[PDB]
>>> print(open('final09.pdb').read())   # PDB, N, CA and C atoms
ATOM      1  N   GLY L   1     200.427  55.282  47.783  1.00  0.00           N
ATOM      2  CA  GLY L   1     200.449  54.048  47.020  1.00  0.00           C
ATOM      3  C   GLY L   1     201.642  53.965  46.087  1.00  0.00           C
ATOM      4  N   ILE L   2     202.840  54.037  46.655  1.00  0.00           N
ATOM      5  CA  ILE L   2     204.064  53.969  45.866  1.00  0.00           C
ATOM      6  C   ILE L   2     204.097  52.707  45.009  1.00  0.00           C
ATOM      7  N   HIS L   3     203.458  51.650  45.499  1.00  0.00           N
ATOM      8  CA  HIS L   3     203.412  50.382  44.778  1.00  0.00           C
ATOM      9  C   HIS L   3     202.321  50.404  43.711  1.00  0.00           C
ATOM     10  N   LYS L   4     202.711  50.150  42.467  1.00  0.00           N
ATOM     11  CA  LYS L   4     201.767  50.139  41.356  1.00  0.00           C
ATOM     12  C   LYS L   4     201.478  48.711  40.902  1.00  0.00           C
ATOM     13  N   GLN L   5     200.530  48.569  39.982  1.00  0.00           N
ATOM     14  CA  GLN L   5     200.160  47.257  39.464  1.00  0.00           C
ATOM     15  C   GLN L   5     201.281  46.674  38.610  1.00  0.00           C
ATOM     16  N   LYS L   6     201.265  45.355  38.443  1.00  0.00           N
ATOM     17  CA  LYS L   6     202.279  44.671  37.649  1.00  0.00           C
ATOM     18  C   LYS L   6     201.635  43.749  36.619  1.00  0.00           C
ATOM     19  N   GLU L   7     202.360  43.476  35.540  1.00  0.00           N
ATOM     20  CA  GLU L   7     201.858  42.607  34.482  1.00  0.00           C
ATOM     21  C   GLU L   7     202.764  41.393  34.299  1.00  0.00           C
ATOM     22  N   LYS L   8     204.068  41.607  34.443  1.00  0.00           N
ATOM     23  CA  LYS L   8     205.041  40.533  34.294  1.00  0.00           C
ATOM     24  C   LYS L   8     205.579  40.094  35.652  1.00  0.00           C
ATOM     25  N   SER L   9     206.410  39.057  35.648  1.00  0.00           N
ATOM     26  CA  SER L   9     206.991  38.538  36.880  1.00  0.00           C
ATOM     27  C   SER L   9     207.966  39.543  37.487  1.00  0.00           C
ATOM     28  N   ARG L  10     208.206  39.416  38.788  1.00  0.00           N
ATOM     29  CA  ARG L  10     209.117  40.312  39.489  1.00  0.00           C
ATOM     30  C   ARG L  10     209.299  39.877  40.940  1.00  0.00           C
ATOM     31  N   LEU L  11     210.517  39.473  41.281  1.00  0.00           N
ATOM     32  CA  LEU L  11     210.824  39.030  42.637  1.00  0.00           C
ATOM     33  C   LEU L  11     211.616  40.095  43.392  1.00  0.00           C
ATOM     34  N   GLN L  12     211.641  39.978  44.715  1.00  0.00           N
ATOM     35  CA  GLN L  12     212.363  40.929  45.552  1.00  0.00           C
ATOM     36  C   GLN L  12     213.771  41.163  45.018  1.00  0.00           C
ATOM     37  N   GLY L  13     214.539  40.085  44.891  1.00  0.00           N
ATOM     38  CA  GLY L  13     215.897  40.196  44.393  1.00  0.00           C
ATOM     39  C   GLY L  13     215.986  41.031  43.132  1.00  0.00           C
ATOM     40  N   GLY L  14     214.939  40.979  42.313  1.00  0.00           N
ATOM     41  CA  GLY L  14     214.925  41.740  41.078  1.00  0.00           C
ATOM     42  C   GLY L  14     215.335  43.185  41.281  1.00  0.00           C
ATOM     43  N   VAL L  15     215.007  43.733  42.447  1.00  0.00           N
ATOM     44  CA  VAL L  15     215.345  45.114  42.764  1.00  0.00           C
ATOM     45  C   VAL L  15     216.808  45.409  42.449  1.00  0.00           C
ATOM     46  N   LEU L  16     217.654  44.395  42.593  1.00  0.00           N
ATOM     47  CA  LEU L  16     219.080  44.544  42.323  1.00  0.00           C
ATOM     48  C   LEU L  16     219.310  45.232  40.981  1.00  0.00           C
ATOM     49  N   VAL L  17     218.418  44.977  40.030  1.00  0.00           N
ATOM     50  CA  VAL L  17     218.522  45.573  38.704  1.00  0.00           C
ATOM     51  C   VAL L  17     218.769  47.075  38.794  1.00  0.00           C
ATOM     52  N   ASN L  18     218.210  47.699  39.826  1.00  0.00           N
ATOM     53  CA  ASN L  18     218.371  49.136  40.028  1.00  0.00           C
ATOM     54  C   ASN L  18     219.838  49.541  39.913  1.00  0.00           C
ATOM     55  N   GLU L  19     220.727  48.645  40.332  1.00  0.00           N
ATOM     56  CA  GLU L  19     222.160  48.909  40.277  1.00  0.00           C
ATOM     57  C   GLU L  19     222.562  49.446  38.906  1.00  0.00           C
ATOM     58  N   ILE L  20     221.791  49.082  37.885  1.00  0.00           N
ATOM     59  CA  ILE L  20     222.067  49.526  36.525  1.00  0.00           C
ATOM     60  C   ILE L  20     222.344  51.025  36.482  1.00  0.00           C
ATOM     61  N   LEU L  21     221.568  51.787  37.244  1.00  0.00           N
ATOM     62  CA  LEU L  21     221.729  53.236  37.294  1.00  0.00           C
ATOM     63  C   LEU L  21     223.187  53.612  37.542  1.00  0.00           C
ATOM     64  N   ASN L  22     223.819  52.923  38.488  1.00  0.00           N
ATOM     65  CA  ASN L  22     225.214  53.184  38.820  1.00  0.00           C
ATOM     66  C   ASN L  22     226.084  53.177  37.566  1.00  0.00           C
ATOM     67  N   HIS L  23     226.195  52.012  36.936  1.00  0.00           N
ATOM     68  CA  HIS L  23     226.994  51.871  35.725  1.00  0.00           C
ATOM     69  C   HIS L  23     226.604  52.923  34.690  1.00  0.00           C
ATOM     70  N   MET L  24     225.305  53.182  34.580  1.00  0.00           N
ATOM     71  CA  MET L  24     224.800  54.166  33.629  1.00  0.00           C
ATOM     72  C   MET L  24     225.545  55.490  33.770  1.00  0.00           C
ATOM     73  N   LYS L  25     225.988  55.788  34.987  1.00  0.00           N
ATOM     74  CA  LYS L  25     226.714  57.022  35.257  1.00  0.00           C
ATOM     75  C   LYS L  25     227.823  57.235  34.230  1.00  0.00           C
ATOM     76  N   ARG L  26     228.619  56.197  33.999  1.00  0.00           N
ATOM     77  CA  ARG L  26     229.715  56.272  33.042  1.00  0.00           C
ATOM     78  C   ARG L  26     229.244  56.875  31.723  1.00  0.00           C
ATOM     79  N   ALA L  27     228.219  56.269  31.133  1.00  0.00           N
ATOM     80  CA  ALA L  27     227.672  56.748  29.869  1.00  0.00           C
ATOM     81  C   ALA L  27     227.123  58.163  30.010  1.00  0.00           C
ATOM     82  N   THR L  28     226.579  58.469  31.183  1.00  0.00           N
ATOM     83  CA  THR L  28     226.017  59.788  31.444  1.00  0.00           C
ATOM     84  C   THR L  28     227.070  60.877  31.277  1.00  0.00           C
ATOM     85  N   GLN L  29     228.337  60.492  31.390  1.00  0.00           N
ATOM     86  CA  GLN L  29     229.438  61.437  31.250  1.00  0.00           C
ATOM     87  C   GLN L  29     229.725  61.726  29.780  1.00  0.00           C
ATOM     88  N   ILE L  30     229.135  60.925  28.900  1.00  0.00           N
ATOM     89  CA  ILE L  30     229.327  61.096  27.464  1.00  0.00           C
ATOM     90  C   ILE L  30     228.432  60.147  26.674  1.00  0.00           C
ATOM     91  N   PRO L  31     227.163  60.542  26.496  1.00  0.00           N
ATOM     92  CA  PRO L  31     226.182  59.742  25.756  1.00  0.00           C
ATOM     93  C   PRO L  31     226.480  59.697  24.261  1.00  0.00           C
ATOM     94  N   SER L  32     225.621  59.013  23.512  1.00  0.00           N
ATOM     95  CA  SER L  32     225.795  58.890  22.069  1.00  0.00           C
ATOM     96  C   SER L  32     224.893  59.872  21.327  1.00  0.00           C
ATOM     97  N   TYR L  33     224.583  60.987  21.979  1.00  0.00           N
ATOM     98  CA  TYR L  33     223.726  62.007  21.383  1.00  0.00           C
ATOM     99  C   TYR L  33     224.437  62.710  20.231  1.00  0.00           C
ATOM    100  N   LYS L  34     223.815  63.764  19.714  1.00  0.00           N
ATOM    101  CA  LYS L  34     224.387  64.527  18.612  1.00  0.00           C
ATOM    102  C   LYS L  34     225.179  65.723  19.130  1.00  0.00           C
ATOM    103  N   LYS L  35     226.439  65.814  18.721  1.00  0.00           N
ATOM    104  CA  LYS L  35     227.303  66.911  19.140  1.00  0.00           C
ATOM    105  C   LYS L  35     227.574  67.865  17.981  1.00  0.00           C
ATOM    106  N   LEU L  36     227.809  69.131  18.306  1.00  0.00           N
ATOM    107  CA  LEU L  36     228.084  70.143  17.291  1.00  0.00           C
ATOM    108  C   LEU L  36     229.387  70.875  17.591  1.00  0.00           C
ATOM    109  N   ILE L  37     229.377  71.685  18.644  1.00  0.00           N
ATOM    110  CA  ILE L  37     230.559  72.441  19.039  1.00  0.00           C
ATOM    111  C   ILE L  37     231.179  71.866  20.309  1.00  0.00           C
ATOM    112  N   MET L  38     232.495  72.002  20.431  1.00  0.00           N
ATOM    113  CA  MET L  38     233.210  71.499  21.599  1.00  0.00           C
ATOM    114  C   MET L  38     233.573  72.638  22.546  1.00  0.00           C
ATOM    115  N   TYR L  39     233.911  73.788  21.977  1.00  0.00           N
ATOM    116  CA  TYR L  39     234.283  74.955  22.771  1.00  0.00           C
ATOM    117  C   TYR L  39     233.082  75.495  23.540  1.00  0.00           C
TER     118      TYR L  39
END
>>> encode(input="final09.pdb", output="C-alpha coordinates")
Amino acid sequence: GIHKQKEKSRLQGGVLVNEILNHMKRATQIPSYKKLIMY
(Lines of atoms letter the chains of each structure in order from A and count residues from 1; the text may use other names and numbers.)
(Lines give C-alpha, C1' and ligand atoms only; values in the text may rest on other atoms or scores of the structure.)
Protein backbone atom coordinates (compact mmCIF):
# COMPACT_ATOMS: atom_id res chain seq x y z
CA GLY A 1 0.00 0.00 0.00
CA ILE A 2 2.54 2.58 -1.14
CA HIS A 3 -0.39 4.96 -1.57
CA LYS A 4 -1.43 6.65 1.68
CA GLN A 5 -4.45 8.75 2.65
CA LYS A 6 -4.69 12.42 1.69
CA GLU A 7 -6.20 15.52 3.30
CA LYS A 8 -5.46 18.31 0.83
CA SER A 9 -5.74 18.56 -2.96
CA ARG A 10 -3.21 16.83 -5.20
CA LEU A 11 -3.20 16.19 -8.95
CA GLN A 12 -1.01 13.89 -11.05
CA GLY A 13 1.01 16.79 -12.43
CA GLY A 14 1.71 17.76 -8.83
CA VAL A 15 4.28 14.97 -8.80
CA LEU A 16 6.50 17.38 -10.73
CA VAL A 17 7.14 19.03 -7.37
CA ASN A 18 9.48 16.11 -6.69
CA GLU A 19 11.93 17.89 -8.99
CA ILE A 20 12.61 20.09 -5.96
CA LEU A 21 14.97 17.37 -4.72
CA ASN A 22 17.22 18.04 -7.71
CA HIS A 23 17.77 21.73 -7.00
CA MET A 24 18.06 20.86 -3.30
CA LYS A 25 21.30 19.11 -4.26
CA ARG A 26 23.02 22.49 -4.59
CA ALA A 27 22.20 23.42 -0.99
CA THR A 28 23.10 19.89 0.08
CA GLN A 29 26.67 20.77 -0.89
CA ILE A 30 26.65 23.50 1.76
CA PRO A 31 23.64 23.90 4.09
CA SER A 32 23.06 26.71 6.58
CA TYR A 33 23.91 24.48 9.55
CA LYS A 34 26.40 25.33 12.30
CA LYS A 35 30.08 25.08 11.40
CA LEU A 36 33.09 24.96 13.73
CA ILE A 37 36.31 23.70 12.15
CA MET A 38 37.27 23.74 8.47
CA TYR A 39 40.39 21.57 8.56
>>> select_by_dssp(input="final09.pdb", residues="chain L", states="alpha helix (DSSP H)", output="PyMOL selection string")
chain L and resi 20-28
>>> atom_distance(input="final09.pdb", atom1="CA of residue 32 in chain L", atom2="CA of residue 15 in chain L")
27.0 Å
>>> atom_distance(input="final09.pdb", atom1="atom N of residue 33 in chain L", atom2="CA of residue 16 in chain L")
26.7 Å
>>> atom_distance(input="final09.pdb", atom1="CA of residue 5 in chain L", atom2="CA of residue 22 in chain L")
25.8 Å
>>> build_atoms(input="final09.pdb", residues="range 16-29 of chain L", atoms="N, CA, C and O atoms", output="tab-separated table (two decimals), in the frame of the given file")
chain	number	residue	atom	x	y	z
L	16	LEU	N	217.65	44.40	42.59
L	16	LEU	CA	219.08	44.54	42.32
L	16	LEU	C	219.31	45.23	40.98
L	16	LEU	O	220.28	45.98	40.81
L	17	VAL	N	218.42	44.98	40.03
L	17	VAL	CA	218.52	45.57	38.70
L	17	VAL	C	218.77	47.08	38.79
L	17	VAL	O	219.45	47.65	37.95
L	18	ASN	N	218.21	47.70	39.83
L	18	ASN	CA	218.37	49.14	40.03
L	18	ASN	C	219.84	49.54	39.91
L	18	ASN	O	220.15	50.64	39.46
L	19	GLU	N	220.73	48.64	40.33
L	19	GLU	CA	222.16	48.91	40.28
L	19	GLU	C	222.56	49.45	38.91
L	19	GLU	O	223.55	50.17	38.78
L	20	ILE	N	221.79	49.08	37.88
L	20	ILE	CA	222.07	49.53	36.52
L	20	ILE	C	222.34	51.02	36.48
L	20	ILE	O	223.24	51.48	35.77
L	21	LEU	N	221.57	51.79	37.24
L	21	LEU	CA	221.73	53.24	37.29
L	21	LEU	C	223.19	53.61	37.54
L	21	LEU	O	223.73	54.50	36.89
L	22	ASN	N	223.82	52.92	38.49
L	22	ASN	CA	225.21	53.18	38.82
L	22	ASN	C	226.08	53.18	37.57
L	22	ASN	O	226.64	54.21	37.18
L	23	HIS	N	226.20	52.01	36.94
L	23	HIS	CA	226.99	51.87	35.72
L	23	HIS	C	226.60	52.92	34.69
L	23	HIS	O	227.46	53.49	34.01
L	24	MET	N	225.30	53.18	34.58
L	24	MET	CA	224.80	54.17	33.63
L	24	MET	C	225.54	55.49	33.77
L	24	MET	O	225.71	56.23	32.80
L	25	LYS	N	225.99	55.79	34.99
L	25	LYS	CA	226.71	57.02	35.26
L	25	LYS	C	227.82	57.24	34.23
L	25	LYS	O	227.95	58.32	33.66
L	26	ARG	N	228.62	56.20	34.00
L	26	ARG	CA	229.72	56.27	33.04
L	26	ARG	C	229.24	56.88	31.72
L	26	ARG	O	229.80	57.87	31.25
L	27	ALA	N	228.22	56.27	31.13
L	27	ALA	CA	227.67	56.75	29.87
L	27	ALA	C	227.12	58.16	30.01
L	27	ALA	O	227.19	58.96	29.07
L	28	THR	N	226.58	58.47	31.18
L	28	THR	CA	226.02	59.79	31.44
L	28	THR	C	227.07	60.88	31.28
L	28	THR	O	226.74	62.04	31.05
L	29	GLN	N	228.34	60.49	31.39
L	29	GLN	CA	229.44	61.44	31.25
L	29	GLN	C	229.72	61.73	29.78
L	29	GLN	O	230.47	62.65	29.45
